[PDB]
Amino acid sequence: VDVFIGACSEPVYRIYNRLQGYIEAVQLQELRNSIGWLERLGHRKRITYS
Amino acid sequence: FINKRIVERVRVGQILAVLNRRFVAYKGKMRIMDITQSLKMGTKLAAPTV
Amino acid sequence: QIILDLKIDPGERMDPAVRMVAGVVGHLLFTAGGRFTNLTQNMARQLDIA
Amino acid sequence: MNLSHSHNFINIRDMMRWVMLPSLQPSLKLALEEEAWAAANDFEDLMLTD
Amino acid sequence: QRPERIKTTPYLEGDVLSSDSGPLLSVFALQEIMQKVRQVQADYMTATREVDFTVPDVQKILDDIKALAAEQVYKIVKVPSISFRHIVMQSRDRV
């Protein structure tokens, strides 16, 4: 990942820092939790998620 | 009176004095795709009949 | 080097008994032993449910 | 080398890793190329000088 | 010609359904790889560089490697190069 230093305004940079902090959490555990939860519902409801 | 530094006159050496925002950019040779709609793909297992 | 999966498809409609028969055939044709695997951790999970 | 279209998916620290891996197949052309590179390690025989 | 295909009892003798071959599965396997990456990039909002996915002719590739074996990096010649020349001037016995 390429990290550089730029310039943005103060109340917009907090929105940009929180969005990129969300995608850093999705690659860690939010994707593995969501896909790992449909395997427990499709086991119950006789559904097969792809 | 507004306590926000909206417009300041400044020397031409301090034009790059606002470079203080750590931006996080992604590589051009990788891909980003939105799999939000991928949480609905799946077939329903029918019950065996007589 | 080549691993299989399931290919959930909503357009095709099969007999429910062809899935249950093909949960037997997958358990004595493929290989998920201690040395190599022929099939994914998900493909070998939908065979144990089948 | 482009059988999987991998010419577009190589970063700068993978092509630098290939040029540092010692594995050469000796043949007539490599025995005739490395002698040609030995005659160009001064650049004065290439009409280039500083 | 081989000792293992001599089918005596009519157990293993059955009907022929279809066929396959080496130069046919090589172009089939590359189709099923490149069709999958061209399918998930059409159903979802993907943001990458445009990379065209053309299936290359494998039999033309293997023929062109074989034609490179007939190359000759050397050559047969009768006389060498010129390698030296002289410029005349107003002087005699000094060039």
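Reference entry: report on the structure contained in this document. (Residues numbered from 1 in each chain as written, not as in the entry; some residues may be left out. Chains lettered and ligands numbered in written order. Part of a larger assembly, values for the part shown. Heavy atoms only, no water.)

Below, the discussion takes up the interface of chain A and chain B. Facing 23 residues of chain A, the contacting portion of chain B comprises 17 residues. Overall, the association of chain A and chain B removes approximately 2000 Å² of surface from exposure, summing both partners, and the carbon and sulfur fraction of that is 59%. Notably, a salt bridge pairs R21 of chain B with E10 of chain A, separated by 2.9 Å at the nearest N-O pair. The interface formed by chain A and chain B includes 11 residue pairs in polar contact. (Contact = heavy atoms within 4.5 Å. Buried area = accessible area lost by both parts, 1.4 Å probe. Salt bridge = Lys/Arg side-chain N within 4 Å of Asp/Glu carboxyl O. Polar contact = N/O pair within 3.5 Å; in protein donor to acceptor, adjacent residues only side chain to side chain.)

Below, the discussion takes up the arrangement of the chains. For the 6 pairs of chains in contact, the largest share of contacts goes to chains A and B. The two units chain C and chain E never meet; even their closest C-alpha atoms stay 10 Å apart.

This next bit is on the interface of chain C and chain B. Accessible area lost on assembly of the parts is the figure often given for the size of an interface. If you look at the interface, chain C gives 4 residues, while chain B gives 6 residues. Here chain C packs against chain B, burying approximately 400 Å² in sum over the two surfaces, 83% of which is carbon and sulfur. Between chain C and chain B we count 0 salt bridges in total. Viewed at the interface, chain B and chain C are joined by 0 residue pairs in polar contact. Classifying every residue of the side of chain C that touches chain B gives 3 nonpolar, no polar and 1 charged. (Nonpolar A, V, L, I, M, F, W, Y, C, P; charged D, E, K, R; others polar.)

Here the focus is the environment of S81 of chain E. Looking at where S81 of chain E falls in the secondary structure, it is placed in the segment after α3 (58-67). C-alpha separation for the pair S81 of chain E and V51 of chain E, spaced 30 residues apart in sequence, amounts to 48 Å. (Helix = DSSP H or I, 4+ residues; strand = E, 2+ residues; numbered from the N terminus.)

We now examine the side chain of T48 of chain A. Of note, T48 of chain A is situated in strand β2 (residues 47-49). On the accessibility criterion, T48 of chain A (6% relative accessible area) is buried. For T48 of chain A, the contacting residues outside a window of four places in its chain are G42, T43 and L45 of chain B together with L6, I8 and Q46 of chain C. (Buried < 20%, exposed > 50% of the residue type's maximum accessible area, 1.4 Å probe, protein only.)

On to the packing of aromatic side chains, then. Per the counting criterion, the structure on display carries 4 aromatic pairs over all chains. With a centroid separation of 6.1 Å and 45° between ring planes, the pair formed by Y13 of chain A and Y16 of chain A is classed as tilted. Here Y16 of chain A and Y13 of chain A lie together in helix α1 (residues 10-44), a separation of 3 residues that amounts to about one turn. For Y16 of chain A, a relative accessible area of 26% gives the class partly exposed. Centroid distance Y13 of chain A to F23 of chain B: 6.2 Å. Interplanar angle 65°. Geometry classified as edge-to-face. Linking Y13 of chain A in helix α1 with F23 of chain B in strand β1 (residues 21-25), this pair reaches from one chain into another. Owing to a relative accessible area of 14%, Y13 of chain A belongs among the buried residues under this scheme. Taking the relative accessible area as the measure of exposure, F23 of chain B reaches 16% and is therefore buried. Members of the aromatic cluster, connected to one another through ring pairs, are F4, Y13 and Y16 of chain A together with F23 of chain B. Its end group placed over the ring of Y13 of chain A, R21 of chain B keeps NZ or CZ at 5.2 Å from the ring centre. (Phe/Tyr/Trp six-rings, centres within 6.5 Å; stacked < 30°, edge-to-face > 60°. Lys NZ or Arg CZ within 6 Å of the ring centre and 35° of its normal.)

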